[PDB]
């Protein structure tokens, strides 16, 4: 199995206590490290901030400590949006410019591959034709990577892409059989499945549906999402399940109604370190628990939730990661990806479960152990 781990560039800018630098990642913890976000300029991949170059150096330097470790550079993300991608895939000229820039960039900075994270071909403004054009881009990129590998007699660069977790988004943006032919891995975004804008409490990454889920909501769970991808042609071994190292917060309409599906008013207040209304890093959830929140296990979905006064949080803990890891193995999947590693309790200071409690759980349960480690 693979255990991929995202490192986000902005994690180092948080208050020192929550600040995380790529060079401080345990080199033996994961099989792949993914640097979250390269930018794009004139249809070419590039850095988002010039200081990112130092990050690349530190991140890839970890490979001297774990010779089997691979690194990937991700481009895109939710905030980036679809527009730059729509323009880049619109013509053969633009795609060639992009593909060649990727090979040059990854080889220059010692990355082993690319992680395409177009948040969404076919939706959010991206026209229907982008479902086909995204597939064309992926096929052309894979071909170029194969050709470069043969010409230089070195291992081929890896090509991966995120895959939506929302069914309607999968339908409008992904030619699954074609994409599965050309991609090495598909990182399925099995997270952010329920959020405050729903009007009721809901889990971030439930394994199974809640008995309260109705209609399309009954598909907002890991099992249903992965089943959809497989039923539509994705190679099971290429599917990498998303494991969130954070939860979502809600303000309860009634502090007496605290279960799944309870009415809510809005997102909860931002955490001290992550500063994002509606979200808390796993380490911030540990603080919430330590300071008195009532913790409950939701067996139907096999994930925890906690509440204090009118604040409710749906998240993932060691037990939910363990159960999902077993399920992943039972379903012959390719592995897991922790999103984002910088929100796990990397210092061990917040949860008292040692360093990287969530990710370490997956390392053990997925039998991750490289020869040089």
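Positions refer to the first chain, counted from 1.
Just going by the entry, 52-60 versus 320-328 on mean CA temperature factor gives the higher value to 52-60. The stretch with the higher mean CA B factor, choosing between 180-188 and 146-154, is 146-154. Set against one another, the Cα B-factors of 199, 202, 247, 163 in the record reach their highest point at 199. Across the options 85, 80, 228, 273, the residue with the most elevated CA B-factor in the record is 273.
In the deposited entry, the Cα temperature factor of residue 312 sits in the bottom third of values across the chain's modelled residues. Split the chain's modelled residues into thirds by C-alpha temperature factor. Residue 65 is in the highest one. In the PDB entry, residue 130 places in the middle third of its chain by CA B-factor. Residue 16 sits in the highest third of its chain by CA B factor, as recorded in the PDB entry. When the CA B factors of the chain's modelled residues are split into thirds, the value for residue 26 lands in the highest one.
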